[PDB]
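input-v8.csv follows; it contains CSV, C-alpha atoms.
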```
chain,number,residue,atom,x,y,z
A,1,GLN,CA,86.4,94.4,95.6
A,2,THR,CA,85.4,94.5,91.9
A,3,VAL,CA,87.9,93.7,89.1
A,4,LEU,CA,87.6,96.2,86.3
A,5,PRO,CA,87.1,94.7,82.8
A,6,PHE,CA,90.5,95.6,81.4
A,7,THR,CA,92.0,93.1,79.0
A,8,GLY,CA,95.5,92.1,78.2
A,9,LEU,CA,97.3,94.1,80.9
A,10,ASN,CA,100.9,93.3,81.5
A,11,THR,CA,102.6,94.5,84.7
A,12,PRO,CA,100.4,97.6,84.9
A,13,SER,CA,101.7,100.4,87.1
A,14,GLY,CA,100.2,103.9,87.2
A,15,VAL,CA,96.5,104.4,87.7
A,16,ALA,CA,94.4,107.6,87.6
A,17,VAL,CA,90.7,108.4,87.6
A,18,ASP,CA,89.2,111.6,86.4
A,19,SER,CA,86.0,113.6,87.3
A,20,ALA,CA,83.9,111.4,84.9
A,21,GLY,CA,85.1,108.2,86.5
A,22,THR,CA,87.2,107.2,83.5
A,23,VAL,CA,90.1,105.0,84.8
A,24,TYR,CA,93.5,105.4,83.1
A,25,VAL,CA,96.1,102.7,83.4
A,26,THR,CA,99.7,102.5,82.3
A,27,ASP,CA,100.0,99.1,80.8
A,28,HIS,CA,103.7,99.1,81.4
A,29,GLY,CA,104.6,95.7,79.9
A,30,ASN,CA,102.9,96.6,76.7
A,31,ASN,CA,104.3,100.2,76.4
A,32,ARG,CA,100.8,101.7,76.2
A,33,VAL,CA,98.2,103.6,78.2
A,34,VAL,CA,94.6,102.4,78.3
A,35,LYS,CA,91.4,103.9,79.7
A,36,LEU,CA,88.0,102.6,80.7
A,37,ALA,CA,84.9,104.8,80.9
A,38,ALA,CA,82.6,104.4,83.9
A,39,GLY,CA,80.3,101.5,83.3
A,40,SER,CA,82.0,100.5,80.1
A,41,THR,CA,83.2,97.0,79.2
A,42,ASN,CA,85.6,98.0,76.5
A,43,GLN,CA,89.0,99.7,77.1
A,44,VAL,CA,90.5,102.3,74.7
A,45,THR,CA,94.2,102.5,73.8
A,46,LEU,CA,95.4,106.1,74.0
A,47,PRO,CA,97.4,107.1,70.9
A,48,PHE,CA,100.7,107.6,72.7
A,49,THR,CA,103.8,106.6,70.6
A,50,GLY,CA,107.3,105.6,71.5
A,51,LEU,CA,106.7,104.7,75.1
A,52,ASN,CA,109.2,102.5,76.9
A,53,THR,CA,108.4,100.8,80.2
A,54,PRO,CA,106.0,103.6,81.2
A,55,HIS,CA,105.1,104.1,84.9
A,56,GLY,CA,103.0,106.9,86.3
A,57,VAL,CA,99.9,108.5,84.8
A,58,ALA,CA,97.9,111.7,85.6
A,59,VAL,CA,95.0,113.6,84.2
A,60,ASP,CA,94.5,117.3,84.6
A,61,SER,CA,91.2,119.2,84.8
A,62,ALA,CA,91.0,119.6,81.0
A,63,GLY,CA,91.3,115.9,80.5
A,64,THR,CA,94.9,116.0,79.3
A,65,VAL,CA,96.7,112.7,80.1
A,66,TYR,CA,100.3,112.7,81.3
A,67,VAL,CA,102.5,109.6,81.4
A,68,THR,CA,105.9,109.1,82.8
A,69,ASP,CA,107.8,107.5,80.0
A,70,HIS,CA,110.2,105.9,82.4
A,71,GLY,CA,112.4,104.0,79.9
A,72,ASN,CA,113.0,107.2,78.0
A,73,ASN,CA,113.5,109.5,81.0
A,74,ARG,CA,110.7,111.8,79.9
A,75,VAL,CA,107.1,112.9,80.5
A,76,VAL,CA,104.6,112.9,77.6
A,77,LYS,CA,101.1,114.3,77.5
A,78,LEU,CA,98.1,114.0,75.2
A,79,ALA,CA,95.2,116.5,75.1
A,80,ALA,CA,91.7,115.0,75.3
A,81,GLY,CA,90.5,114.7,71.7
A,82,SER,CA,94.0,115.0,70.3
A,83,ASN,CA,96.2,112.5,68.3
A,84,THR,CA,99.5,114.3,68.7
A,85,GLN,CA,101.4,113.9,71.9
A,86,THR,CA,103.8,116.5,73.2
A,87,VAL,CA,106.8,116.0,75.4
A,88,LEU,CA,107.2,118.1,78.5
A,89,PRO,CA,110.5,120.0,78.6
A,90,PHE,CA,112.0,118.3,81.6
A,91,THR,CA,115.8,117.8,81.6
A,92,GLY,CA,118.1,115.3,83.3
A,93,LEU,CA,115.5,112.9,84.5
A,94,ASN,CA,116.6,109.4,85.5
A,95,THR,CA,114.2,106.4,85.7
A,96,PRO,CA,111.3,108.8,86.7
A,97,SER,CA,108.2,107.1,88.1
A,98,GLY,CA,105.3,109.2,89.3
A,99,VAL,CA,103.5,112.2,87.7
A,100,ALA,CA,100.9,114.5,89.1
A,101,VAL,CA,99.3,117.7,87.8
A,102,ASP,CA,97.7,120.5,89.8
A,103,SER,CA,94.8,122.8,89.1
A,104,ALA,CA,97.2,125.4,87.5
A,105,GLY,CA,98.6,122.8,85.1
A,106,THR,CA,101.9,122.5,87.0
A,107,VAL,CA,103.4,119.1,86.4
A,108,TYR,CA,105.2,117.2,89.2
A,109,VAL,CA,107.5,114.2,88.6
A,110,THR,CA,109.3,111.9,91.0
A,111,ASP,CA,112.8,111.8,89.5
A,112,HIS,CA,113.3,108.4,91.2
A,113,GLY,CA,116.8,107.8,89.9
A,114,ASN,CA,118.0,111.2,91.2
A,115,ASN,CA,116.2,111.0,94.6
A,116,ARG,CA,114.3,114.2,93.9
A,117,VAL,CA,110.9,115.6,92.9
A,118,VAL,CA,110.8,118.3,90.1
A,119,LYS,CA,108.1,120.5,88.8
A,120,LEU,CA,107.3,122.4,85.7
A,121,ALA,CA,104.9,125.3,85.5
A,122,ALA,CA,102.6,125.0,82.4
A,123,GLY,CA,104.5,126.3,79.4
A,124,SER,CA,107.8,126.7,81.3
A,125,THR,CA,111.0,125.2,80.0
A,126,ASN,CA,112.8,125.5,83.4
A,127,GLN,CA,112.0,122.8,86.0
A,128,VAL,CA,112.5,123.5,89.7
A,129,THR,CA,113.5,121.0,92.4
A,130,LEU,CA,111.0,120.9,95.3
A,131,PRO,CA,112.7,121.3,98.7
A,132,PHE,CA,112.1,117.7,99.9
A,133,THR,CA,114.9,116.4,102.2
A,134,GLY,CA,116.5,113.0,102.5
A,135,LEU,CA,114.4,111.2,99.8
A,136,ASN,CA,115.4,107.7,98.9
A,137,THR,CA,114.2,106.2,95.6
A,138,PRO,CA,110.9,108.1,95.7
A,139,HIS,CA,108.0,106.5,93.7
A,140,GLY,CA,104.5,108.0,93.9
A,141,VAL,CA,103.4,111.6,93.8
A,142,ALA,CA,100.1,113.3,94.2
A,143,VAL,CA,99.0,117.0,94.5
A,144,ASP,CA,95.8,118.1,96.0
A,145,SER,CA,93.5,121.2,95.4
A,146,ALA,CA,95.6,123.3,97.8
A,147,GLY,CA,98.8,122.5,96.0
A,148,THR,CA,100.1,120.3,98.7
A,149,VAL,CA,102.5,117.7,97.2
A,150,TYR,CA,102.5,114.2,98.6
A,151,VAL,CA,105.4,111.8,97.8
A,152,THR,CA,106.0,108.1,98.7
A,153,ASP,CA,109.6,108.1,99.9
A,154,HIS,CA,109.8,104.5,98.9
A,155,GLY,CA,113.4,103.7,100.0
A,156,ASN,CA,112.7,105.2,103.5
A,157,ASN,CA,109.2,103.5,104.0
A,158,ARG,CA,107.6,106.9,104.6
A,159,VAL,CA,105.2,109.3,103.0
A,160,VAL,CA,106.1,113.0,103.1
A,161,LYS,CA,104.2,116.2,102.1
A,162,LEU,CA,105.1,119.7,101.2
A,163,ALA,CA,102.6,122.6,101.4
A,164,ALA,CA,102.6,124.9,98.4
A,165,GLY,CA,105.7,127.1,98.8
A,166,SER,CA,106.6,125.5,102.1
A,167,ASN,CA,110.3,125.0,102.8
A,168,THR,CA,110.4,121.8,104.8
A,169,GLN,CA,108.4,118.6,104.6
A,170,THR,CA,106.0,116.9,107.0
A,171,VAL,CA,106.3,113.2,107.5
A,172,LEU,CA,102.8,111.7,107.5
A,173,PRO,CA,102.0,109.5,110.5
A,174,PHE,CA,101.7,106.2,108.6
A,175,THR,CA,103.1,103.1,110.4
A,176,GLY,CA,104.6,99.8,109.2
A,177,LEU,CA,105.0,100.7,105.5
A,178,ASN,CA,107.2,98.6,103.2
A,179,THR,CA,108.4,99.9,99.9
A,180,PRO,CA,105.3,102.1,99.4
A,181,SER,CA,104.4,102.8,95.8
A,182,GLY,CA,101.4,104.9,94.7
A,183,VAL,CA,99.8,107.7,96.7
A,184,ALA,CA,96.4,109.4,96.1
A,185,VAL,CA,94.5,112.1,97.9
A,186,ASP,CA,90.8,112.5,97.9
A,187,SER,CA,88.6,115.6,98.1
A,188,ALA,CA,88.5,115.4,102.0
A,189,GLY,CA,92.3,115.3,102.2
A,190,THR,CA,92.5,111.6,103.1
A,191,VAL,CA,95.8,110.1,101.9
A,192,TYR,CA,95.8,106.7,100.3
A,193,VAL,CA,99.1,104.7,99.9
A,194,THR,CA,99.8,101.5,98.1
A,195,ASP,CA,101.9,99.7,100.8
A,196,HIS,CA,103.5,97.6,98.0
A,197,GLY,CA,105.8,95.5,100.1
A,198,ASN,CA,102.9,94.4,102.3
A,199,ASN,CA,100.4,93.8,99.5
A,200,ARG,CA,97.9,96.2,100.9
A,201,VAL,CA,96.5,99.7,100.6
A,202,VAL,CA,96.2,102.0,103.7
A,203,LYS,CA,94.6,105.4,104.2
A,204,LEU,CA,95.0,108.2,106.7
A,205,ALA,CA,92.4,111.0,107.2
A,206,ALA,CA,93.7,114.5,107.3
A,207,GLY,CA,95.1,115.3,110.7
A,208,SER,CA,94.6,111.7,111.9
A,209,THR,CA,97.4,109.6,113.4
A,210,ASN,CA,95.8,106.1,112.9
A,211,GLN,CA,95.8,104.6,109.5
A,212,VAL,CA,93.1,102.2,108.2
A,213,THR,CA,93.7,99.2,106.0
A,214,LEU,CA,91.3,98.9,103.1
A,215,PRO,CA,89.7,95.5,102.5
A,216,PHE,CA,91.3,94.6,99.3
A,217,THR,CA,92.0,90.9,98.8
A,218,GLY,CA,94.8,88.9,97.1
A,219,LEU,CA,96.9,91.9,96.0
A,220,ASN,CA,100.3,91.0,94.6
A,221,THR,CA,103.0,93.7,94.4
A,222,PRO,CA,100.4,96.4,93.9
A,223,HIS,CA,101.6,99.7,92.4
A,224,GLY,CA,99.3,102.7,91.8
A,225,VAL,CA,96.2,103.9,93.6
A,226,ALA,CA,93.6,106.5,92.7
A,227,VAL,CA,90.4,107.7,94.3
A,228,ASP,CA,87.4,109.3,92.6
A,229,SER,CA,84.9,112.0,93.7
A,230,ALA,CA,82.6,109.3,95.2
A,231,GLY,CA,85.5,107.9,97.3
A,232,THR,CA,85.9,104.7,95.3
A,233,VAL,CA,89.5,103.5,95.5
A,234,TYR,CA,91.2,102.0,92.4
A,235,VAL,CA,94.4,100.0,92.7
A,236,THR,CA,96.7,98.6,90.0
A,237,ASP,CA,97.2,95.0,91.2
A,238,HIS,CA,100.5,94.9,89.3
A,239,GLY,CA,101.6,91.4,90.1
A,240,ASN,CA,98.2,90.0,89.0
A,241,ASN,CA,97.8,92.0,85.8
A,242,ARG,CA,94.5,93.6,86.9
A,243,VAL,CA,92.9,96.7,88.3
A,244,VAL,CA,90.6,96.4,91.2
A,245,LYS,CA,88.3,98.8,93.0
A,246,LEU,CA,86.4,99.3,96.3
A,247,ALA,CA,83.3,101.4,96.4
A,248,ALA,CA,82.7,103.3,99.7
```

Just give me the structure as structure tokens.
Amino acid sequence: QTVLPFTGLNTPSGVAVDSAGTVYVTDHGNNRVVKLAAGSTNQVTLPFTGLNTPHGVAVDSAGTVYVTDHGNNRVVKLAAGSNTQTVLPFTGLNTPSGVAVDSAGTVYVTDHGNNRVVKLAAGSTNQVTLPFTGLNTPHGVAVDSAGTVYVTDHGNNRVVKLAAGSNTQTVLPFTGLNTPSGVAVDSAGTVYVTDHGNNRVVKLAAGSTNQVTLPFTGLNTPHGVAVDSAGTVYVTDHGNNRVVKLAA
């Protein structure tokens, strides 16, 4: 386990990693989003403005960065190479937490306060509610290359998934979870979950029934998880104000 050379993090929450290995962190307690290029020792503050207790972070294939501005019940994005953020036209959000973006630019948000997950096609002004059932304070969301949507049903200690267009969810065969937070999915379909209440990260290969505990050490109320193209796993060790990683 390697501690990434971020500085000054305060209760960090969301984490994402893009195709170049740049790691994006929502520095929730400082109302900012920072990033660290692969192999770099100096973080960069992204020119977001007006954030308030931000939570989730995502990056799409064009390098646009999306942040759940939780305290303001909104989702904001910033194109790579741009100074001017834009606000996504979501409506009626309440303490939203996670955000994910698929290969078509569709944006998915866990509307945590309303026990629902909503999505917005790129350029649309009309969100739709995904047909999840029985969610209870959902936290994390991820979407894979097939458009399958994965959600940590935090209040119910389970992880559920919805195939693209599918009408009822599948409960993933995790076991023993406790207030799970972040979720990530790698290129092989392996699902990674921050088992926040148990201070651990677990993973489940696609179609497998037996989860595996990753060898992180000393985690304290961890929040987000991300996995890059090399299979390296990144975790926001929220209670310790750090981001740690495990190479495969």

For this session: Could you give me, as JSON, numbers by chain, the residues within 9 Å of segment 208-222 of chain A, counting only C-alpha atoms and dropping anything in the same chain fewer than 2 positions from it?
Result: {"A": [1, 13, 172, 173, 174, 175, 181, 182, 194, 195, 196, 197, 198, 199, 200, 201, 202, 203, 204, 205, 206, 224, 225, 235, 236, 237, 238, 239, 240, 244, 245, 246]}

Problem set entry | Selection near residue 129 of chain A, 9 Å with all atoms listed in the file, sequence-local residues under 5 positions removed, as an NGL selection string | :A and (116-119)

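You can rank A:243, A:4, A:20, A:100 by their closest distance to residue 228 of chain A using all atoms listed in the file, and at the top of that list sits A:20.
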
For this session: Place a sphere of radius 7 Å on (96.2, 125.5, 92.0) in the file coordinates and name every protein, DNA or RNA residue with an atom inside or on its surface, counting all atoms listed in the file; give the answer as a PyMOL selection string.
Result: chain A and resi 102-104+145-147

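One distance worth recording is that between atom CA of residue 127 of chain A and atom CA of residue 75 of chain A, which is 12.3 Å.
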
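Proximity to residue 88 of chain A was assessed for A:57, A:16, A:44, A:120 counting only C-alpha atoms; the smallest distance is recorded for A:120.
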
Problem set entry | Pairwise distance for atom CA of residue 125 of chain A and atom CA of residue 91 of chain A, rounded to one decimal in Å | 9.0 Å

For this session: Rank nothing, just name the residue among A:79, A:58, A:9, A:121 nearest to residue 140 of chain A, using all atoms listed in the file.
Result: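 Among A:79, A:58, A:9, A:121, it is A:58 that comes nearest to residue 140 of chain A.
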
Exercise. For residue 241 of chain A, which of A:87, A:207, A:19, A:27 is the closest residue, counting all atoms listed in the file?
Worked result: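 The closest residue to residue 241 of chain A is A:27.
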
Reconstruct N, CA and C atoms of segment 135-163 of chain A from the incomplete input and present them as a PDB file, in the coordinates of the input.
```
ATOM      1  N   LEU A 135     115.174 112.220 100.575  1.00  0.00           N
ATOM      2  CA  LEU A 135     114.400 111.200  99.800  1.00  0.00           C
ATOM      3  C   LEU A 135     115.343 110.077  99.380  1.00  0.00           C
ATOM      4  N   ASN A 136     114.746 108.894  99.256  1.00  0.00           N
ATOM      5  CA  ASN A 136     115.400 107.700  98.900  1.00  0.00           C
ATOM      6  C   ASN A 136     114.552 106.885  97.954  1.00  0.00           C
ATOM      7  N   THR A 137     114.945 106.833  96.677  1.00  0.00           N
ATOM      8  CA  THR A 137     114.200 106.200  95.600  1.00  0.00           C
ATOM      9  C   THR A 137     112.692 106.488  95.671  1.00  0.00           C
ATOM     10  N   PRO A 138     112.281 107.755  95.587  1.00  0.00           N
ATOM     11  CA  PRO A 138     110.900 108.100  95.700  1.00  0.00           C
ATOM     12  C   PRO A 138     110.078 107.543  94.497  1.00  0.00           C
ATOM     13  N   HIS A 139     108.840 107.127  94.750  1.00  0.00           N
ATOM     14  CA  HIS A 139     108.000 106.500  93.700  1.00  0.00           C
ATOM     15  C   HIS A 139     106.803 107.404  93.369  1.00  0.00           C
ATOM     16  N   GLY A 140     105.773 107.366  94.204  1.00  0.00           N
ATOM     17  CA  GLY A 140     104.500 108.000  93.900  1.00  0.00           C
ATOM     18  C   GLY A 140     104.527 109.502  94.213  1.00  0.00           C
ATOM     19  N   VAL A 141     103.698 110.247  93.488  1.00  0.00           N
ATOM     20  CA  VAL A 141     103.400 111.600  93.800  1.00  0.00           C
ATOM     21  C   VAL A 141     101.980 111.958  93.501  1.00  0.00           C
ATOM     22  N   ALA A 142     101.399 112.804  94.343  1.00  0.00           N
ATOM     23  CA  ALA A 142     100.100 113.300  94.200  1.00  0.00           C
ATOM     24  C   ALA A 142     100.063 114.784  94.610  1.00  0.00           C
ATOM     25  N   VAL A 143      99.125 115.566  94.090  1.00  0.00           N
ATOM     26  CA  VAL A 143      99.000 117.000  94.500  1.00  0.00           C
ATOM     27  C   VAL A 143      97.526 117.264  94.655  1.00  0.00           C
ATOM     28  N   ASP A 144      97.171 117.893  95.767  1.00  0.00           N
ATOM     29  CA  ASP A 144      95.800 118.100  96.000  1.00  0.00           C
ATOM     30  C   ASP A 144      95.362 119.553  95.596  1.00  0.00           C
ATOM     31  N   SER A 145      94.099 119.899  95.869  1.00  0.00           N
ATOM     32  CA  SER A 145      93.500 121.200  95.400  1.00  0.00           C
ATOM     33  C   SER A 145      94.198 122.381  96.015  1.00  0.00           C
ATOM     34  N   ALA A 146      94.834 122.229  97.177  1.00  0.00           N
ATOM     35  CA  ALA A 146      95.600 123.300  97.800  1.00  0.00           C
ATOM     36  C   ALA A 146      97.018 123.391  97.356  1.00  0.00           C
ATOM     37  N   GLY A 147      97.433 122.531  96.430  1.00  0.00           N
ATOM     38  CA  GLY A 147      98.800 122.500  96.000  1.00  0.00           C
ATOM     39  C   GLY A 147      99.770 121.821  96.904  1.00  0.00           C
ATOM     40  N   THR A 148      99.269 121.096  97.898  1.00  0.00           N
ATOM     41  CA  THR A 148     100.100 120.300  98.700  1.00  0.00           C
ATOM     42  C   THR A 148     100.617 119.085  97.907  1.00  0.00           C
ATOM     43  N   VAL A 149     101.918 118.798  97.957  1.00  0.00           N
ATOM     44  CA  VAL A 149     102.500 117.700  97.200  1.00  0.00           C
ATOM     45  C   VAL A 149     102.823 116.561  98.115  1.00  0.00           C
ATOM     46  N   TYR A 150     102.347 115.375  97.758  1.00  0.00           N
ATOM     47  CA  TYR A 150     102.500 114.200  98.600  1.00  0.00           C
ATOM     48  C   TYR A 150     103.433 113.197  97.788  1.00  0.00           C
ATOM     49  N   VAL A 151     104.429 112.628  98.465  1.00  0.00           N
ATOM     50  CA  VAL A 151     105.400 111.800  97.800  1.00  0.00           C
ATOM     51  C   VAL A 151     105.617 110.504  98.660  1.00  0.00           C
ATOM     52  N   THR A 152     105.590 109.340  98.015  1.00  0.00           N
ATOM     53  CA  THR A 152     106.000 108.100  98.700  1.00  0.00           C
ATOM     54  C   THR A 152     107.515 108.019  98.621  1.00  0.00           C
ATOM     55  N   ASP A 153     108.154 108.216  99.770  1.00  0.00           N
ATOM     56  CA  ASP A 153     109.600 108.100  99.900  1.00  0.00           C
ATOM     57  C   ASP A 153     109.917 106.618 100.076  1.00  0.00           C
ATOM     58  N   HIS A 154     109.909 105.932  98.930  1.00  0.00           N
ATOM     59  CA  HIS A 154     109.800 104.500  98.900  1.00  0.00           C
ATOM     60  C   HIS A 154     110.983 103.815  99.611  1.00  0.00           C
ATOM     61  N   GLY A 155     112.204 104.282  99.350  1.00  0.00           N
ATOM     62  CA  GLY A 155     113.400 103.700 100.000  1.00  0.00           C
ATOM     63  C   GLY A 155     113.398 103.888 101.505  1.00  0.00           C
ATOM     64  N   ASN A 156     112.673 104.877 102.026  1.00  0.00           N
ATOM     65  CA  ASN A 156     112.700 105.200 103.500  1.00  0.00           C
ATOM     66  C   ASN A 156     111.372 104.726 104.136  1.00  0.00           C
ATOM     67  N   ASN A 157     110.483 104.026 103.420  1.00  0.00           N
ATOM     68  CA  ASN A 157     109.200 103.500 104.000  1.00  0.00           C
ATOM     69  C   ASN A 157     108.417 104.614 104.673  1.00  0.00           C
ATOM     70  N   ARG A 158     108.352 105.785 104.052  1.00  0.00           N
ATOM     71  CA  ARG A 158     107.600 106.900 104.600  1.00  0.00           C
ATOM     72  C   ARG A 158     106.887 107.637 103.492  1.00  0.00           C
ATOM     73  N   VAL A 159     105.902 108.443 103.883  1.00  0.00           N
ATOM     74  CA  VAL A 159     105.200 109.300 103.000  1.00  0.00           C
ATOM     75  C   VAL A 159     105.378 110.765 103.526  1.00  0.00           C
ATOM     76  N   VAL A 160     105.805 111.674 102.660  1.00  0.00           N
ATOM     77  CA  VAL A 160     106.100 113.000 103.100  1.00  0.00           C
ATOM     78  C   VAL A 160     105.234 113.972 102.243  1.00  0.00           C
ATOM     79  N   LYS A 161     105.018 115.167 102.779  1.00  0.00           N
ATOM     80  CA  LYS A 161     104.200 116.200 102.100  1.00  0.00           C
ATOM     81  C   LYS A 161     104.856 117.522 102.239  1.00  0.00           C
ATOM     82  N   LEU A 162     104.610 118.372 101.252  1.00  0.00           N
ATOM     83  CA  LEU A 162     105.100 119.700 101.200  1.00  0.00           C
ATOM     84  C   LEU A 162     103.943 120.632 100.861  1.00  0.00           C
ATOM     85  N   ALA A 163     103.579 121.522 101.774  1.00  0.00           N
ATOM     86  CA  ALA A 163     102.600 122.600 101.400  1.00  0.00           C
ATOM     87  C   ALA A 163     103.148 123.422 100.315  1.00  0.00           C
TER      88      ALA A 163
END
```
